Amino acid sequence: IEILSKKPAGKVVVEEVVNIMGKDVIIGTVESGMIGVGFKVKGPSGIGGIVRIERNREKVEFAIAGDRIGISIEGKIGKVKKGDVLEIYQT
């Protein structure tokens, strides 16, 4: 619903975005910092929640810089494109 932190916990460069059964699945690489399940994604139009992270086809609770991951987001965040860098917030 809203972002409470001043600075991002991490950033993700989007490699591919797919919508499947009404949900955005984002493939990308953590560019800086770290992201975890439950963190907030600042999209162009909305704020989403990280629901799941997979790395090397394995569920993980968090990922750090250099990790290439898939992410499921909760909430409509607007149009995300390959090449966008999404800011991710602890709260």
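By convention here, the first residue in the shown sequence is residue 1.
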From CD (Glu54) to CD1 (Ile71), nearest 0.5 Å
11.0 Å
Report yes if the side chains of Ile35 and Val12 come closer than 4.5 Å at any heavy-atom pair, otherwise no.
yes
State, with a plain yes or no, whether a side-chain heavy atom of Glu61 is found less than 4.5 Å away from one of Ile53.
no
With clusters built from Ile, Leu, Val, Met, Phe, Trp and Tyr whose side-chain heavy atoms come within less than 4.5 Å, directly or transitively, what are the remaining members of the cluster of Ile64, listed by chain and number?
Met34, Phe62
With sequence neighbours excluded, tell me which residues meet side-chain contact (heavy atoms from CB on, under 4.5 Å) with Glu31.
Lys11
Would you give the length of the straight line joining atom OG of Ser5 to atom CD of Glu87, rounded to the nearest 0.5 angstrom?
12.0 Å
Is any side-chain heavy atom of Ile69 closer than 4.5 Å to one of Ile27?
no
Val17 vs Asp24 side-chain heavy atoms within contact, under 4.5 Å:
yes
Using side-chain hydrogen bond (donor to acceptor under 3.5 Å, both in side chains) as the criterion, list what pairs up with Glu15, not counting sequence neighbours.
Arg68
Which residue, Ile88, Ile77, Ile47, forms the side-chain contact (heavy atoms from CB on, under 4.5 Å) with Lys40?
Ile47
Do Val60 and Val37 share a hydrophobic cluster, counting only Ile, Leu, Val, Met, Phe, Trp and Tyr and linking them when any side-chain heavy atoms are less than 4.5 Å apart?
yes
Interatomic spacing from CG in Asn19 to NZ in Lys76 - rounded to 0.5 Å
9.5 Å
Below 4.5 Å, heavy atoms only, C-beta onward: do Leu86 and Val80 meet side chain to side chain?
yes
Find out if a path of hydrophobic residues (ILVMFWY) with successive side-chain heavy-atom gaps under 4.5 Å connects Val85 to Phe39.
no
Over all atoms of both residues, closest heavy-atom pair of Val30 and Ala63
CG2-CB, 4.1 Å
Applying a strict under-4.5 Å side-chain criterion to I, L, V, M, F, W and Y, I'd like to know whether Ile50 and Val13 cluster together.
no
Closest non-hydrogen atom pair, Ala65 against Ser32:
CB-CA, 4.1 Å
